[PDB]
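Notes to accompany the following structure.
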Amino acid sequence: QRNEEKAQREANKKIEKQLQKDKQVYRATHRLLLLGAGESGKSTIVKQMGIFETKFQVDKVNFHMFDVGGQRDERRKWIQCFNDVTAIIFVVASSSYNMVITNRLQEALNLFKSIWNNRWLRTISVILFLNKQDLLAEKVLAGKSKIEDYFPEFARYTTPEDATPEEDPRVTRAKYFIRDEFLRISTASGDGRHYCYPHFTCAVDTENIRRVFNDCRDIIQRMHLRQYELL
Amino acid sequence: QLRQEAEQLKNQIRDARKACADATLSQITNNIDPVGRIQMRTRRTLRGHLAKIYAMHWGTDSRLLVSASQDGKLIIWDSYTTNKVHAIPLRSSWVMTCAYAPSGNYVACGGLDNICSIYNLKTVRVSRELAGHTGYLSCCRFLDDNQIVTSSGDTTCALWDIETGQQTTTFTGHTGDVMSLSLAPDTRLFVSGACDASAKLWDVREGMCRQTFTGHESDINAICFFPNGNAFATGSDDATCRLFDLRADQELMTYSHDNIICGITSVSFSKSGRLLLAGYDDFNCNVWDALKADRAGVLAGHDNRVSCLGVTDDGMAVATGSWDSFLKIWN
Amino acid sequence: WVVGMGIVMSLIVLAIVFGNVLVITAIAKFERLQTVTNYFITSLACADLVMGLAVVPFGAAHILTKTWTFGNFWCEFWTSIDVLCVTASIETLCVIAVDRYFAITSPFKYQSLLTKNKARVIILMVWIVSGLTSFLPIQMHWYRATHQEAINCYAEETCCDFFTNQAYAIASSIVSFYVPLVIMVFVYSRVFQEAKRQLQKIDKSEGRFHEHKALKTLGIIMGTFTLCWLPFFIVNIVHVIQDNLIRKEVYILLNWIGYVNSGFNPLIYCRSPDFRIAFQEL
Amino acid sequence: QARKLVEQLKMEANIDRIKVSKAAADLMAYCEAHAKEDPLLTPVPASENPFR
Ligand SMILES: Nc1nc2c(ncn2[C@@H]2O[C@H](COP(=O)(O)OP(=O)(O)OP(=O)(O)O)[C@@H](O)[C@H]2O)c(=O)[nH]1
Ligand SMILES: CN[C@@H]1CCc2c(ccc(O)c2O)[C@H]1O
């Protein structure tokens, strides 16, 4: 009677003391979601620098990434669980305009549009990696394949003046056209609540973790600035 | 040729149940007295979860309950004195369901890792792990201490043998993800609602579907048995609830309002089956009248979306959980 | 004019108490407003409410009746409450500015830097330093002047004026209004720089498909506080150095203009959807 | 797959079903009979309420 009540309170105090230590670790870590178009080469990006999870730390900051391979369907009912993540990483193979496999770039664009316009992912940014740049450069330098045959809008495109090519002008024009194809979808739907950070990625890059770190820093800083009515 | 016969067979089934609609449930219960107005108040508030809450299950003793959260904990509460009894950390932080054994010795869990885990409360360490599903688990219910039924996102359900960890039987026939299930009071039949807007009635012992109901328009999110056991109710994300009768093999009544446009996350019945409690996407719960289809109360004490709801076996309290990491007891 | 002047002073008391009580009740009643940043706002609201309840009515009565009737002890108690409430309100704005500075400039370490216990310790320290500056020197007669007029003022029982020496006036000015001014200036310059650089980045990366807000917000925040409190803390230093340059009426008028600032804090630090919804619910 | 779908429909279509006037009456009678011990319909006194 009297002794039982005190016994219960003893166990509650021990449990509540453990939950305080767990809250410190939980609030100091950042969660990322990794997506792909099906044959985009996202496995290599993970390898170099049900559900698969990985942990890494840069500049004494803890990150923790999620990859889903146990579920493969055109309907993503589980996508509503990832509405508290810091950012989403989207990997797309940019050198697959001619591969019907209806081509894979159009499917990737449709997937990006579906993810962007979602009732739950309305405040989440996307870090976009445009993988397989060397293959794209080689195929563009090859005269046989023409993007305008598959993408008719390419017949009336010019390289932007405010560009930073390294490179023959043809491959730069192709890369910027492909990047703009995603940017035009990104800009229209959202208004300041989230942004997109496109990057050009290859199989020999080792600075991708720095890019993720900087993009997350920008995401949090912009979130705070918008919250304090300064942006 | 074969497809022609299936269309012909589906034609007579609609005609078979069309001649059985002598009247509607609404006409018969027009002379019944209204329930009136029902107002409830919060009695307890449970705190301690660091993230949003997906699952909740009452105990058979109507005193203890379990809850699951995205931060990776499985906390057992004491609803009377508001005291934490256990806190089981999980290997995977993505959890979608939980269950509490009728005897009170075990607790199950599952989620995005396609695995169901059983814990031994009275010994707390992992006892068994069940594998074989190719999709995320959506629900799980205990039949006994040695057998459990699970549903997953690979459009299949299964019955497991905990002692050996093997699927005794498998139920197939759905075309979309199975979202929920509920067992009969006698533990001989169960129903499942899937994303193809259809519900099915199965047989645990034999293992084949008996009847199919296709009244809804979109994905079915919740399902529950009538206390009698001859009827059940469903809830989809088109802001409608429907009541289906097993012996008549069709739909009896629809619960909807013109001021509601959000989806429905959970449903449950009262002790007598007169009241129907459903949780919505618009941050609050509503209370209906099963025999008349009119609103009788509103529970609006939550700050984020209500994801789970349950009623005690003795029917003294109602517990709800939401995405703001809080549980509330309404009496 | 006494009837008209008393009407205006009656509306000032009502405005201060009405806004501050609403903010305090809204935060406590609702669980979504229990953030760390709201503790500083709660402390500032409590200080402003104490000011409005304890300083404005008695000062207004003293001005209107032209005589002090409560004795030679309640005058000193009222002066101590006045200094304590003024000092502890300006120093909370500094804490809010530093909080925003740490939130924006260093986003990864913000959660570790600020904790509820740390917030409580900081607030208690601020209030303790405010109490040490007001009650301790005043109640021990270390602020007393030396000229014959001050001696007569202290001897009389119906007179309750303010006379002080050079050291106390200079020291009290700096703790209440000068150290906190440069700190917020330095903070907000860096905040503006960060906002402008982020805007430049967004324009560079996304310009073809498409700083008034930050400038306007910072201008409001700085201008209200500065225009309310700078002239008084300038004339406070000037009068001790030059005796005949400043009159008593100007001193009182500038002090009251400073007092008025307590009724504007809810209109500045409580504009957000979470606060507007809470106000609508109540 | 086509044959299995046709077989299931034939097996399901051959069942006996009662009219709605009987099922509605059964649910109404059950609710009327068991509405006595429904604590949610009629609030219980605070003496017998464990949560208050
Ligand atoms: N040149 C080049 N080849 C790549 C690149 N990324 C992947 N590959 C090729 O992909 C082959 C192996 O496949 P993975 O790297 O695992 O890519 P994946 O299997 O399609 O990954 P997922 O489909 O997302 O699971 C390698 O032999 C590479 O030749 C790239 O960025 N550049
Ligand atoms: C009676 N009015 C007082 C006079 C001096 C003084 C005030 C406020 C803050 C200070 O640091 C002061 O030294 C004024 O409120």
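By convention in this document, the chains of the structure tokens carry letters A, B, ... by their order, each chain's residues are numbered from 1, and ligands are numbered from 1 in the order they are shown.
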Query raised in the report: Residues of chain D within 8 Å of chain B, using only C-alpha atoms, as a ChimeraX atom specification?
Result: /D:2-3,5-6,9-10,12-13,17-21,23-25,27-28,30-31,34-35,37-41,50-52
File of the preceding selection, N, CA and C atoms, as a PDB file, in the first residue's frame:
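Final output, saved to selection_16.pdb:
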```pdb
ATOM      1  N   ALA D   2      -5.493 -15.420 -64.339  1.00  0.00           N
ATOM      2  CA  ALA D   2      -6.863 -15.226 -64.802  1.00  0.00           C
ATOM      3  C   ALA D   2      -7.789 -16.307 -64.260  1.00  0.00           C
ATOM      4  N   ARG D   3      -7.327 -17.560 -64.246  1.00  0.00           N
ATOM      5  CA  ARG D   3      -8.161 -18.651 -63.755  1.00  0.00           C
ATOM      6  C   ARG D   3      -8.419 -18.526 -62.257  1.00  0.00           C
ATOM      7  N   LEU D   5      -8.573 -15.796 -60.412  1.00  0.00           N
ATOM      8  CA  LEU D   5      -9.526 -14.726 -60.137  1.00  0.00           C
ATOM      9  C   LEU D   5     -10.957 -15.167 -60.423  1.00  0.00           C
ATOM     10  N   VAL D   6     -11.158 -15.939 -61.491  1.00  0.00           N
ATOM     11  CA  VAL D   6     -12.499 -16.411 -61.825  1.00  0.00           C
ATOM     12  C   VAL D   6     -12.983 -17.423 -60.793  1.00  0.00           C
ATOM     13  N   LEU D   9     -14.265 -15.686 -57.548  1.00  0.00           N
ATOM     14  CA  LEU D   9     -15.557 -15.019 -57.684  1.00  0.00           C
ATOM     15  C   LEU D   9     -16.708 -16.016 -57.613  1.00  0.00           C
ATOM     16  N   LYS D  10     -16.552 -17.180 -58.248  1.00  0.00           N
ATOM     17  CA  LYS D  10     -17.602 -18.194 -58.199  1.00  0.00           C
ATOM     18  C   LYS D  10     -17.794 -18.727 -56.784  1.00  0.00           C
ATOM     19  N   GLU D  12     -17.138 -17.127 -53.967  1.00  0.00           N
ATOM     20  CA  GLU D  12     -17.678 -16.085 -53.102  1.00  0.00           C
ATOM     21  C   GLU D  12     -19.143 -15.793 -53.406  1.00  0.00           C
ATOM     22  N   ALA D  13     -19.555 -15.923 -54.669  1.00  0.00           N
ATOM     23  CA  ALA D  13     -20.911 -15.550 -55.059  1.00  0.00           C
ATOM     24  C   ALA D  13     -21.971 -16.500 -54.516  1.00  0.00           C
ATOM     25  N   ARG D  17     -27.445 -14.707 -47.812  1.00  0.00           N
ATOM     26  CA  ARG D  17     -27.452 -13.409 -47.155  1.00  0.00           C
ATOM     27  C   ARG D  17     -28.871 -13.031 -46.758  1.00  0.00           C
ATOM     28  N   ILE D  18     -29.007 -12.454 -45.566  1.00  0.00           N
ATOM     29  CA  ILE D  18     -30.297 -12.023 -45.051  1.00  0.00           C
ATOM     30  C   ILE D  18     -30.542 -10.571 -45.444  1.00  0.00           C
ATOM     31  N   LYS D  19     -31.799 -10.150 -45.345  1.00  0.00           N
ATOM     32  CA  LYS D  19     -32.181  -8.799 -45.726  1.00  0.00           C
ATOM     33  C   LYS D  19     -31.700  -7.782 -44.694  1.00  0.00           C
ATOM     34  N   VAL D  20     -31.732  -6.506 -45.093  1.00  0.00           N
ATOM     35  CA  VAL D  20     -31.253  -5.431 -44.229  1.00  0.00           C
ATOM     36  C   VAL D  20     -32.173  -5.232 -43.033  1.00  0.00           C
ATOM     37  N   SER D  21     -33.475  -5.468 -43.209  1.00  0.00           N
ATOM     38  CA  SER D  21     -34.428  -5.274 -42.124  1.00  0.00           C
ATOM     39  C   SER D  21     -34.138  -6.167 -40.926  1.00  0.00           C
ATOM     40  N   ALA D  23     -30.718  -7.373 -40.154  1.00  0.00           N
ATOM     41  CA  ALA D  23     -29.438  -6.950 -39.598  1.00  0.00           C
ATOM     42  C   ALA D  23     -29.571  -5.645 -38.823  1.00  0.00           C
ATOM     43  N   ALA D  24     -30.314  -4.679 -39.371  1.00  0.00           N
ATOM     44  CA  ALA D  24     -30.507  -3.416 -38.667  1.00  0.00           C
ATOM     45  C   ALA D  24     -31.232  -3.635 -37.346  1.00  0.00           C
ATOM     46  N   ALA D  25     -32.245  -4.503 -37.348  1.00  0.00           N
ATOM     47  CA  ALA D  25     -32.949  -4.834 -36.114  1.00  0.00           C
ATOM     48  C   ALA D  25     -32.017  -5.484 -35.101  1.00  0.00           C
ATOM     49  N   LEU D  27     -28.642  -5.158 -34.782  1.00  0.00           N
ATOM     50  CA  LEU D  27     -27.762  -4.151 -34.185  1.00  0.00           C
ATOM     51  C   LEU D  27     -28.522  -3.223 -33.242  1.00  0.00           C
ATOM     52  N   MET D  28     -29.740  -2.816 -33.617  1.00  0.00           N
ATOM     53  CA  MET D  28     -30.527  -1.956 -32.736  1.00  0.00           C
ATOM     54  C   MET D  28     -30.831  -2.648 -31.414  1.00  0.00           C
ATOM     55  N   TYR D  30     -29.131  -5.121 -29.992  1.00  0.00           N
ATOM     56  CA  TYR D  30     -27.905  -5.267 -29.212  1.00  0.00           C
ATOM     57  C   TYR D  30     -27.535  -3.962 -28.518  1.00  0.00           C
ATOM     58  N   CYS D  31     -27.613  -2.840 -29.240  1.00  0.00           N
ATOM     59  CA  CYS D  31     -27.297  -1.555 -28.626  1.00  0.00           C
ATOM     60  C   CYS D  31     -28.259  -1.236 -27.490  1.00  0.00           C
ATOM     61  N   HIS D  34     -27.388  -3.526 -24.406  1.00  0.00           N
ATOM     62  CA  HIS D  34     -26.107  -3.335 -23.739  1.00  0.00           C
ATOM     63  C   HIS D  34     -25.771  -1.873 -23.467  1.00  0.00           C
ATOM     64  N   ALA D  35     -26.698  -0.945 -23.719  1.00  0.00           N
ATOM     65  CA  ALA D  35     -26.431   0.455 -23.410  1.00  0.00           C
ATOM     66  C   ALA D  35     -26.407   0.756 -21.918  1.00  0.00           C
ATOM     67  N   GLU D  37     -24.516  -0.660 -19.367  1.00  0.00           N
ATOM     68  CA  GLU D  37     -23.143  -0.586 -18.865  1.00  0.00           C
ATOM     69  C   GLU D  37     -22.217   0.052 -19.900  1.00  0.00           C
ATOM     70  N   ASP D  38     -22.546   1.291 -20.269  1.00  0.00           N
ATOM     71  CA  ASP D  38     -21.730   2.102 -21.170  1.00  0.00           C
ATOM     72  C   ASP D  38     -21.330   3.370 -20.429  1.00  0.00           C
ATOM     73  N   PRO D  39     -20.165   3.381 -19.777  1.00  0.00           N
ATOM     74  CA  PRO D  39     -19.769   4.565 -18.995  1.00  0.00           C
ATOM     75  C   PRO D  39     -19.599   5.826 -19.823  1.00  0.00           C
ATOM     76  N   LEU D  40     -19.349   5.709 -21.127  1.00  0.00           N
ATOM     77  CA  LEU D  40     -19.166   6.899 -21.951  1.00  0.00           C
ATOM     78  C   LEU D  40     -20.488   7.578 -22.289  1.00  0.00           C
ATOM     79  N   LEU D  41     -21.577   6.816 -22.402  1.00  0.00           N
ATOM     80  CA  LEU D  41     -22.873   7.420 -22.697  1.00  0.00           C
ATOM     81  C   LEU D  41     -23.376   8.247 -21.521  1.00  0.00           C
ATOM     82  N   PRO D  50     -12.109   5.956 -11.568  1.00  0.00           N
ATOM     83  CA  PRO D  50     -10.698   5.877 -11.156  1.00  0.00           C
ATOM     84  C   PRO D  50      -9.831   7.000 -11.698  1.00  0.00           C
ATOM     85  N   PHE D  51     -10.273   7.711 -12.733  1.00  0.00           N
ATOM     86  CA  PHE D  51      -9.470   8.751 -13.362  1.00  0.00           C
ATOM     87  C   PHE D  51      -9.790  10.148 -12.851  1.00  0.00           C
ATOM     88  N   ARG D  52     -10.659  10.273 -11.854  1.00  0.00           N
ATOM     89  CA  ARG D  52     -11.007  11.578 -11.304  1.00  0.00           C
ATOM     90  C   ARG D  52     -11.363  11.471  -9.826  1.00  0.00           C
TER      91      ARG D  52
END
```
Query raised in the report: Using only C-alpha atoms and all ligand atoms, which protein or nucleic acid residues are at most 12 Å from ligand 1, as a ChimeraX atom specification?
Result: /A:34-48,52,67-70,72,90-96,129-139,200-206
Requested in this report: For chain C, report every residue with an atom at most 12 Å from chain B (counting only C-alpha atoms), formatted as number ranges by chain.
Outcome: C: 30-33, 274
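Near chain C, counting only C-alpha atoms at 9 Å, the chain A residues are residues 24, 27, 28, 61, 162, 183, 184, 187, 188, 197, 217, 218, 220, 221, 222, 224, 225, 228, 229, 230 and 231 of chain A.
If one restricts the calculation to only C-alpha atoms and all ligand atoms, the set of residues situated within 7 Å of ligand 2 consists of residues 79, 82, 83, 86, 87, 162, 169, 172, 173, 175, 176 and 255 of chain C.
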For residue 69 (chain B): contacts at 7 Å, only C-alpha atoms, fewer than 3 positions along chain excluded, given as a tab-separated table (two decimals) with C-alpha atoms, in the first residue's frame:
```
chain	number	residue	atom	x	y	z
B	49	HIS	CA	8.45	10.94	-25.83
B	51	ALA	CA	9.35	12.60	-31.18
B	52	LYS	CA	6.01	12.00	-32.89
B	53	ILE	CA	3.92	8.97	-31.91
B	54	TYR	CA	2.57	6.37	-34.36
B	72	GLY	CA	13.34	4.79	-30.99
B	73	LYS	CA	11.64	4.04	-27.66
B	95	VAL	CA	8.57	2.11	-35.99
```
For chain B versus chain A, which residues have an atom no more than 7 Å away, and what is each residue's nearest atom pair and distance in Å rounded to one decimal, using only C-alpha atoms, chain-then-number order, as a Markdown table?
```
| residue | atom | partner | partner_atom | distance |
| --- | --- | --- | --- | --- |
| B:83 | CA | A:12 | CA | 5.9 |
| B:84 | CA | A:12 | CA | 5.3 |
| B:85 | CA | A:12 | CA | 6.9 |
| B:112 | CA | A:50 | CA | 6.7 |
| B:113 | CA | A:50 | CA | 4.5 |
| B:114 | CA | A:50 | CA | 6.0 |
| B:134 | CA | A:70 | CA | 6.6 |
| B:135 | CA | A:71 | CA | 5.8 |
```
Next, write the just-selected residues to a file, as a PDB file, in the first residue's frame, keeping C-alpha atoms as the atom set.
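File written: out.pdb
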```
ATOM      1  CA  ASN B  83       4.395   6.501 -13.805  1.00  0.00           C
ATOM      2  CA  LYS B  84       6.745   5.077 -16.416  1.00  0.00           C
ATOM      3  CA  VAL B  85       7.216   1.334 -15.943  1.00  0.00           C
ATOM      4  CA  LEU B 112      10.365  -0.038 -41.955  1.00  0.00           C
ATOM      5  CA  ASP B 113      12.914  -2.846 -41.463  1.00  0.00           C
ATOM      6  CA  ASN B 114      10.342  -5.527 -42.454  1.00  0.00           C
ATOM      7  CA  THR B 134       9.264  -7.907 -48.298  1.00  0.00           C
ATOM      8  CA  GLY B 135       7.566  -4.663 -47.249  1.00  0.00           C
TER       9      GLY B 135
END
```
Report task. Can you work out the spacing between CA of residue 71 (chain C) and CA of residue 129 (chain C) in Å, to one decimal? Result -> 28.1 Å
**Report entry** Long-range neighbours of residue 176 (chain B) as a VMD selection string, 8 Å cut-off, only C-alpha atoms, 2 positions minimum in chain
**Finding:** chain B and resid 153 to 155 174 178 194 to 196
Print the selection's residues with N, CA, C and O atoms to a file, as a compact mmCIF listing (two decimals), in the first residue's frame.
```txt
# COMPACT_ATOMS: atom_id res chain seq x y z
N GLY B 153 3.42 -4.12 -46.34
CA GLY B 153 3.27 -3.38 -47.57
C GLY B 153 3.52 -4.16 -48.84
O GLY B 153 3.48 -3.58 -49.93
N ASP B 154 3.78 -5.47 -48.74
CA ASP B 154 3.88 -6.34 -49.91
C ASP B 154 2.55 -6.99 -50.25
O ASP B 154 2.53 -8.08 -50.85
N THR B 155 1.43 -6.36 -49.88
CA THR B 155 0.08 -6.78 -50.23
C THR B 155 -0.28 -8.16 -49.68
O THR B 155 -1.17 -8.82 -50.21
N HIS B 174 -4.90 -9.19 -52.18
CA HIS B 174 -4.93 -7.74 -52.29
C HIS B 174 -4.00 -7.27 -53.40
O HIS B 174 -3.03 -7.95 -53.77
N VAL B 178 -1.44 -3.27 -47.55
CA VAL B 178 -2.38 -3.49 -46.46
C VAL B 178 -2.04 -2.54 -45.32
O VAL B 178 -0.90 -2.50 -44.85
N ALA B 194 -6.95 -2.19 -47.25
CA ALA B 194 -5.77 -1.97 -48.07
C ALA B 194 -5.92 -0.67 -48.87
O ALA B 194 -6.92 0.03 -48.78
N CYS B 195 -4.89 -0.37 -49.66
CA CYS B 195 -4.85 0.86 -50.44
C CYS B 195 -5.63 0.78 -51.74
O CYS B 195 -5.81 1.82 -52.40
N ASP B 196 -6.10 -0.40 -52.14
CA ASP B 196 -6.95 -0.52 -53.32
C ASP B 196 -8.42 -0.28 -53.00
O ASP B 196 -9.29 -0.71 -53.76
```
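Rounded to one decimal, CA of residue 75 (chain B) and CA of residue 133 (chain B) lie 25.7 Å from each other.
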What lies within 12 Å of residue 177 (chain C) using only C-alpha atoms, ignoring chain neighbours under 2 positions off, as a tab-separated table (two decimals) with C-alpha atoms, in the first residue's frame?
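Dumped everything to result29.tsv:
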```tsv
chain	number	residue	atom	x	y	z
C	83	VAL	CA	15.68	52.45	-10.98
C	86	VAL	CA	14.32	50.65	-15.67
C	87	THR	CA	17.68	48.89	-15.37
C	88	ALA	CA	16.33	45.32	-15.61
C	89	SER	CA	14.27	46.01	-18.75
C	90	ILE	CA	16.99	47.47	-20.98
C	91	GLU	CA	19.35	44.60	-20.12
C	92	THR	CA	16.91	41.92	-21.32
C	93	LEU	CA	16.92	43.37	-24.85
C	94	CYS	CA	20.68	42.78	-24.84
C	169	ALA	CA	24.71	59.39	-11.93
C	170	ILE	CA	27.58	58.55	-14.27
C	171	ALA	CA	27.91	54.95	-13.07
C	172	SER	CA	24.17	54.25	-13.17
C	173	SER	CA	23.91	55.64	-16.70
C	174	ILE	CA	26.53	53.23	-18.02
C	175	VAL	CA	25.16	50.03	-16.54
C	179	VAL	CA	27.09	49.07	-22.26
C	180	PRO	CA	23.86	47.49	-23.62
C	181	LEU	CA	23.73	49.94	-26.65
C	182	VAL	CA	27.13	49.11	-28.13
C	183	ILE	CA	26.56	45.38	-27.60
C	184	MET	CA	23.30	45.38	-29.58
C	225	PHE	CA	14.61	51.80	-28.30
C	226	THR	CA	17.10	54.53	-29.21
C	228	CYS	CA	12.81	56.32	-26.51
C	229	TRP	CA	15.85	56.14	-24.22
C	230	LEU	CA	18.75	58.18	-25.64
C	231	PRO	CA	17.77	61.83	-24.87
C	232	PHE	CA	17.09	61.05	-21.21
C	233	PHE	CA	20.40	59.28	-20.67
C	234	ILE	CA	22.15	62.18	-22.40
C	236	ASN	CA	21.22	62.69	-17.18
C	237	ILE	CA	24.96	63.13	-17.73
C	258	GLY	CA	11.31	56.89	-21.69
```
Query raised in the report: Could you pull the residues within 8 Å of residue 68 (chain C), counting only C-alpha atoms, minus those fewer than 5 positions along the same chain, as a ChimeraX atom specification?
Result: /C:62,75,157-160
Requested in this report: If you run DSSP over the backbone, which residues in chain D end up helix (DSSP H, G or I)? Put them as a PyMOL selection string.
Outcome: chain D and resi 2-13+20-34+46-48
Requested in this report: Check the DSSP output for the backbone and give back, as an MDAnalysis selection string, the residues of region 72-270 of chain B in strand (DSSP E or B).
Outcome: chainID B and resid 73:78 86:89 95:100 106:111 116:120 125:130 137:142 147:152 157:161 166:171 178:183 189:194 199:203 211:213 220:225 231:236 241:245 250:255 264:269
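For the choices B:130, B:115, B:186, B:90, the atom-to-atom distance to residue 163 (chain B) is smallest for B:130 when using only C-alpha atoms.
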Query raised in the report: Near residue 196 (chain A), counting only C-alpha atoms, which residues have an atom at most 8 Å away, once you skip same-chain residues fewer than 3 positions from it, shown as a ChimeraX atom specification?
Result: /A:125-128,183,186
Selected residues written out, N, CA, C and O atoms, as a tab-separated table (two decimals), in the first residue's frame:
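Dumped to result.tsv:
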```
chain	number	residue	atom	x	y	z
A	125	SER	N	14.37	21.01	-47.95
A	125	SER	CA	15.21	21.31	-49.10
A	125	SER	C	15.73	20.02	-49.73
A	125	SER	O	15.67	18.94	-49.14
A	126	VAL	N	16.25	20.15	-50.95
A	126	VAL	CA	16.78	19.02	-51.70
A	126	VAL	C	18.18	19.36	-52.17
A	126	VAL	O	18.40	20.43	-52.74
A	127	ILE	N	19.13	18.46	-51.92
A	127	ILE	CA	20.49	18.58	-52.43
A	127	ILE	C	20.58	17.67	-53.65
A	127	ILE	O	20.49	16.44	-53.52
A	128	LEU	N	20.77	18.26	-54.82
A	128	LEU	CA	20.68	17.54	-56.08
A	128	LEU	C	22.07	17.26	-56.64
A	128	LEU	O	22.86	18.18	-56.82
A	183	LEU	N	15.79	23.14	-62.31
A	183	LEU	CA	15.62	24.41	-61.62
A	183	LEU	C	14.28	25.06	-61.95
A	183	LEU	O	13.68	25.72	-61.09
A	186	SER	N	11.81	23.53	-59.78
A	186	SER	CA	12.03	23.88	-58.38
A	186	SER	C	11.51	25.28	-58.06
A	186	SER	O	10.88	25.49	-57.01
```
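Of the residues under consideration (A:6, A:150, A:161, A:116), A:116 shows the shortest atom-to-atom contact distance to residue 182 (chain A) when counting only C-alpha atoms.
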